[PDB]
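Have a look at the structure below, then the notes.
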Amino acid sequence: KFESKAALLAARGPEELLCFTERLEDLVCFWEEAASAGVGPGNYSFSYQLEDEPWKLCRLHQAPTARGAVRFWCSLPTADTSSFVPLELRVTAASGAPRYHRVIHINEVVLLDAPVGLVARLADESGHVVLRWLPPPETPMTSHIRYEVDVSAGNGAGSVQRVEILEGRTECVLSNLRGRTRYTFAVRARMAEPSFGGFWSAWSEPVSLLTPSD
Amino acid sequence: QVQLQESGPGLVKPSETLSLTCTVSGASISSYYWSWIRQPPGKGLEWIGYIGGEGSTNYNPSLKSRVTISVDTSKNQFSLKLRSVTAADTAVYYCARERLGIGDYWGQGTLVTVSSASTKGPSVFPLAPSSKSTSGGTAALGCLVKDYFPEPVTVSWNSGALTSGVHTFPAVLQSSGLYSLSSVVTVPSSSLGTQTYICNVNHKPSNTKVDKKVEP
Amino acid sequence: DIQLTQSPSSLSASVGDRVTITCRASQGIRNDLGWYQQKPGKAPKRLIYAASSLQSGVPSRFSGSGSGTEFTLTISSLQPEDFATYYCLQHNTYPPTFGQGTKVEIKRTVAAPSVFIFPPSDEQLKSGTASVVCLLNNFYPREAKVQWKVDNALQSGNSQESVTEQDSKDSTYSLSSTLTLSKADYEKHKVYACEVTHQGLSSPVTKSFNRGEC
């Protein structure tokens, strides 16, 4: 969940701070870079302001990233988190040398969990695969989640087909698939509308089918 | 409300200090972060440093060798302390409230000049219309501000009542090492009869307080 | 310190049309910028924060966009009061730093310079120096050529020059020129005139005063 959704984002921007929010209750801030023996969480300080209150703590936690680096992160309460309104955070080092002073709009970094319960079956109806899945667990009003299905033909084959699932739909038929080939289906998810923009979730764990002869 | 005003302007002599403070009123300084900013007249702004109800500070690496920012809560104000003054400090200085990278609001603005020359008092003279009894229409008048050091010289008109017509001119370096002004005003001769023109100057460095009227 | 190089250096637009200003950074800061406005007599005011979020109070004719490395502030419809010098600021990588600073000027239908020439009122003569206050109330364009002359002869580096900041209301410059001569010269000579060769009229215009004409 965390490590993964951290990974998904670390996929661009070097020494950048990346806050995001999951089920739209708690924002989560983080940044990276392993160095040497003399650091730690208590080495940095994380100050925020839900626009116009006394300042607080996107309050620190160090962890080592599987890639052999270091990650610093932290969260913020729900009721306090009232979306659309900005938030500015100030992040300083040992001594109050500042390394981030950023404004972030909670509503615009919504990051979902991957969908799940993926199920592919042949079509008792032709040369199609029929795909069913379930929305990312514990996600508020599912009815405005749009998905995108991917279709690989596999490392050895090394191919593709992509499909934009209507917002709130969890089914789709996959036509135009070669006979006798092996297809790997995976689905991902983003908040459709309105307002709140964000990022694609990870691809759901995949499911493969071997297609019958032509 | 958000308000800020800087105290004790004036002049400074090289390798000395500055005692600018900023009166805050409106919201509580307990919360936000505060900054000062510098600007050599027609050259560019430089940010100098911040400070909160946190106590914590940061100073530009271009002045950290010197700079100190102070914080008094009950006083509800914050002081800049700057030592080792020179001719690279000849600039305009503002205080602001860092809600983000500026502070929604900046302080009025204070000028402080730096040289060997000391306080010098400005002079004030009326300028009556140079009419005969031939041809009229409108009319222009004015006081004056001549030979002074340093700045700034604010010139209003009768306790700041008159307005639409004022054109206070920019000071210019003469040769006597002293700036000079020129403060006109425009109105028809239709009211050159039922009221007189009385400006109330101020130049705080050499505390000059004049009151020269301008009759027909 | 990070470098913010704005352009064009200054500008000249009519009332109405769509001014746009850019701001390039020596290193992508992405989101972390503010646009600012500096009026002549006034402490500077903050139009845009967080690259694109409009401050409260500022007109909606001001907006900003851009991310990372280039930035744009764009005034959708120019006003006479929109006269001022605009600056971009950066707070990604401390210290905060501003731009050079695009000054913008208001193109406005050509106007004629209503001229005056006032008496050195008797009290300025105990100073021991001559100085004639030659003013050009409300004109356009700025291009001014005021030549003083004592008894019909053009002089060398004699005058003293000043010029007001463009008007907020009707966008017109006004000039201030003063003559330099000793108390000895004033009491001897009688002719003194400014030769306003401004574009306002289609011919020069000149006003004067004599001391024996009280």
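Counting neighbours? That spans all protein chains shown, and the Cβs are built from the backbone with ideal geometry, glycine included. Every number here is computed from the coordinates shown, using simple stated rules; none is lab data.
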With label points set 7 Å from each Cα along the Cα-to-Cβ direction at A:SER126 and A:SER4, the distance between them in nm comes to 3.3 nm
Report, please, the projected area of chain A averaged over directions, based on the convex hull of its C-alpha atoms, in nm². 14.1 nm²
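Would you kindly state the longest site-free stretch of chain B, with sites defined as trypsin sites (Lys or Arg not before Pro) in a DSSP loop (not H, G, I, E, B) surrounded by at most 14 other Cβ atoms within 10 Å? Working shown, then result.
Numbers: sites that count: B:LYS43, B:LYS64, B:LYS75, B:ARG83, B:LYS132, B:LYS209.
The segment B:133-208 is the longest one with no such site.
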Springs between alpha-carbon atoms under 10 Å, Gaussian network over chain C: tell me which of C:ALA184, C:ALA25, C:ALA84 tops the mean-square fluctuations. C:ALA184
Per 10 Å bin, what percent of the C-alpha pairs of chain B does each bin hold, from zero upward? 7, 28, 26, 21, 12, 5, 1, 0
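What's the longest uninterrupted piece of chain C once you rule out the GluC sites (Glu not before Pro) that are loop residues per DSSP with at most 14 other Cβ within 10 Å?
Working: sites that count: C:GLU123, C:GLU143, C:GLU213.
Formally, the longest exposed-site-free interval is C:1-122.
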At most 10 other Cβ within 10 Å, DSSP loop - GluC sites (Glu not before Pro), the range A:2-64: A:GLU15
Per DSSP helix of 4 or more residues, -39500 (n - 2.57); summed, then divided by the residues of chain A. What does that give at 222 nm, rounded to the nearest 500? -1000 deg cm²/dmol
Under the definition of partner shielding as Cβ atoms of other protein chains within 10 Å of a residue Cβ, what is the mean value for peptide B:166-177? 4
Pick out which of B:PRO122, B:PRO170, B:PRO40 has the largest mean-square fluctuation in a Gaussian network model of chain B, springs linking Cα atoms closer than 10 Å. B:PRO170
Contact order normalised by length for the range B:1-97, with contacts defined as Cα pairs under 8 Å and 6 or more residues apart; what percent is it? 36 percent
Under the Karplus relation 6.51 cos²θ - 1.76 cosθ + 1.60, θ = phi - 60°, what is the ordered set of whole-Hz ³J(HN,Hα) values for the range B:7-14, x standing for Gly and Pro? 9, x, x, x, 10, 9, 9, x
What does the average come to when, for each residue of peptide C:167-174, you count the partner chain Cβ atoms lying within 10 Å of its Cβ? 1
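Taking each residue of A:94-105 in turn, how many C-beta atoms of other protein chains fall within 10 Å of its C-beta, and what is the average? If you can, show how the numbers build up before the last one.
On the way: counts 0, 2, 6, 2, 7, 2, 5, 12, 7, 11, 2, 3.
Partner Cβ neighbours, averaged per residue: 5.
Return the FRET efficiency for the residue pair B:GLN174, C:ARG18: r is the Cβ-Cβ distance, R0 is 35 Å, and the value is rounded to the nearest 0.05. Can you show the working numbers first?
Working: r = 43 Å, r/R0 = 1.23.
FRET efficiency, B:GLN174 to C:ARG18: 0.20.
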Overall Cα dimensions of chain C, principal axis frame, Å, largest first: 70, 35, 29
Once the dipole of the protein assembly as shown is set up from charges on Cβ (+1 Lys and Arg, -1 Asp and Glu), the residue from the list A:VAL160, B:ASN60, C:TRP148 lying farthest towards its positive end is C:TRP148
Go through A:140-150, C:88-98 and give me the packing order, highest mean Cβ count within 10 Å leading. C:88-98, A:140-150
Can you find, among C:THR85, C:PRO95, C:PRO59, the residue sitting farthest towards the positive end of the charge dipole of chain C, where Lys and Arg contribute +1 and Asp and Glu -1 at Cβ? C:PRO59
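Compute, for the range B:117-215, the length of the dipole vector about the Cα centre, with Cβ point charges of +1 (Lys, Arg) and -1 (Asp, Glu) only. Units Debye, rounded to 20. Before the final figure, lay out each step's value.
Values: 7 positive and 4 negative charges, 19 e Å.
Using only the charged Cβ atoms, the result is roughly 100 debye.
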Between the DSSP loop rule and a limit of at most 15 other Cβ atoms within 10 Å, which trypsin sites (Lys or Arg not before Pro) in the range C:153-214 are left? C:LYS169, C:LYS190, C:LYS207, C:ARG211
Dipole in debye (nearest 20) - chain C, about Cα centre, beta carbon charges: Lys, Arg +1; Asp, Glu -1: 220 debye
Run the dipole for chain B about the Cα centre, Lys and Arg Cβ at +1, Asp and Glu Cβ at -1, nothing else charged, and hand back the magnitude in debye, nearest 20. 280 debye
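Quote the FRET efficiency, to the nearest 0.05, computed for C:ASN210 versus C:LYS42 with a Förster distance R0 of 45 Å and r equal to the Cβ-Cβ distance. If you can, show how the numbers build up before the last one.
Details: r = 42 Å, r/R0 = 0.94.
According to the calculation, E is roughly 0.60.
Based on the Cβ-Cβ distance of A:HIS61 and B:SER15, what FRET efficiency does E = 1/(1 + (r/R0)^6) give at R0 = 41 Å, to the nearest 0.05? Write out the running numbers ahead of the final one.
On the way: r = 48 Å, r/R0 = 1.18.
Efficiency for this residue pair is about 0.25.
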Distance violations [Cα-Cα > 19 Å] among B:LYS204/C:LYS183; B:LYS146/C:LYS39; B:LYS146/B:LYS213; B:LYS213/C:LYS39; A:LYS56/B:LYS64: B:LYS204/C:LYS183; B:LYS146/C:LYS39; B:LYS213/C:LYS39; A:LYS56/B:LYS64
Restricting attention to chain C, give the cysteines that have no other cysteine Cβ less than 4.7 angstrom from their Cβ. C:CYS214
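May I ask what percent, to the nearest 5, of DSSP beta bridges between residues of chain C are antiparallel? Let's see the in-between values first.
Values: 53 of 59 bridges.
Approximately 90 percent, going by the DSSP bridge assignments.
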